[PDB]
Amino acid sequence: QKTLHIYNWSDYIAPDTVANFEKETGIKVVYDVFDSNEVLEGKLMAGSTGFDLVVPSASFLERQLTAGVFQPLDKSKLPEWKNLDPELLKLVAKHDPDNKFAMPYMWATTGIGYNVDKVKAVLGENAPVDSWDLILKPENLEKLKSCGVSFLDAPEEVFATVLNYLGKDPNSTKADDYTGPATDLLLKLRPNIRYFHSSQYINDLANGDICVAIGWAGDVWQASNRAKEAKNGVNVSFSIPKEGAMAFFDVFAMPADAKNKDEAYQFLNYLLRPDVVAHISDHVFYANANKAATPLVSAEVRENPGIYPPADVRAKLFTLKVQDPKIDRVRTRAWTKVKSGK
């Protein structure tokens, strides 16, 4: 009687997905969650994770492959692979050549989640919720402090967002861009930021405890739905700002030392079933990478342009690149200064 150990992002599966898989297959699943690519990457680089499946963002998987931490997926054990969208596979192949190691799961953008009524109360009806100006102009963030501001604890995404806002290459390789203008701006914003955290902002948005967050799209749409279901009067929305935003692709991968590989393939093939992954998207408010599943996704999710954005929005999205030791050094040092004080 076998087990399967899965490590996924929090708030990233439907409530019954695992139970349904267990009932079908007789496999027992141990399911654990993270909210940080850095936490997962540290575990993968430090030794064995004790997991059979993990879910990095593809930009992080790109560098993890060169450490040999994953094993290549045997496509013969993944007959439902045919359901994946060829255009999304090509994009993920920029990180995972020939799609050898990674199964695309969900994708979205890093944008602005906000309480509609509170932001308009503070910055007026014409609050610039369509722009990173809302939170990256110090004068706006000084006012939004009154109702609470969170940033993601995600250094690579935050710096790339700030760099793009400043008109630099989002993946600048100029150290001075990080130590100079990006740091200078973030240090002006810091006094007005309540916390840096990549998951507490969901319930804090939903409950009205913060009014603006840098957030991942589906997380914010979940906060909006939780508030609606609580009938608490809180109106949360999400914006892909006009200056552009980072897109990401989260992907399942199999550690090279996975104990229960056959069971891991069974779960991957299960997630590739159109009705399974559409049901997930319906609950987590993220676009999946399964073309066959799209018609089965609820209209509420499929028709939301902050989840399944149209081509003209997609054209303004950017993706992360791998950096060298120097940039990693200067960026991480700068991030520690920005978060200083807790």
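Start at 1 and count along the sequence shown; that's the residue number.
In this entry, 306 to 314 has the higher mean Cα B-factor, the comparison being between 34 to 42 and 306 to 314. Comparing 73 to 81 with 201 to 209, the stretch with the higher mean C-alpha B-factor in the PDB entry is 73 to 81. The entry lists C-alpha B-factors for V251, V234, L186, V129, and the highest of these is at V234. Taking the deposited Cα B-factors for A160, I240, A230, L152, the highest one is held by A230. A67: CA B factor in the middle third of modelled residues in this chain (values from the PDB entry).
Among all modelled residues in this chain, the alpha-carbon of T332 has a temperature factor (C-alpha) in the lowest third.
Remark: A247 belongs to the lowest third of its chain, ranked by C-alpha B-factor as recorded. Ranked within its chain, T179 lands in the highest third, by CA B factor from the PDB record. In the PDB entry, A19 places in the highest third of its chain by CA B-factor.
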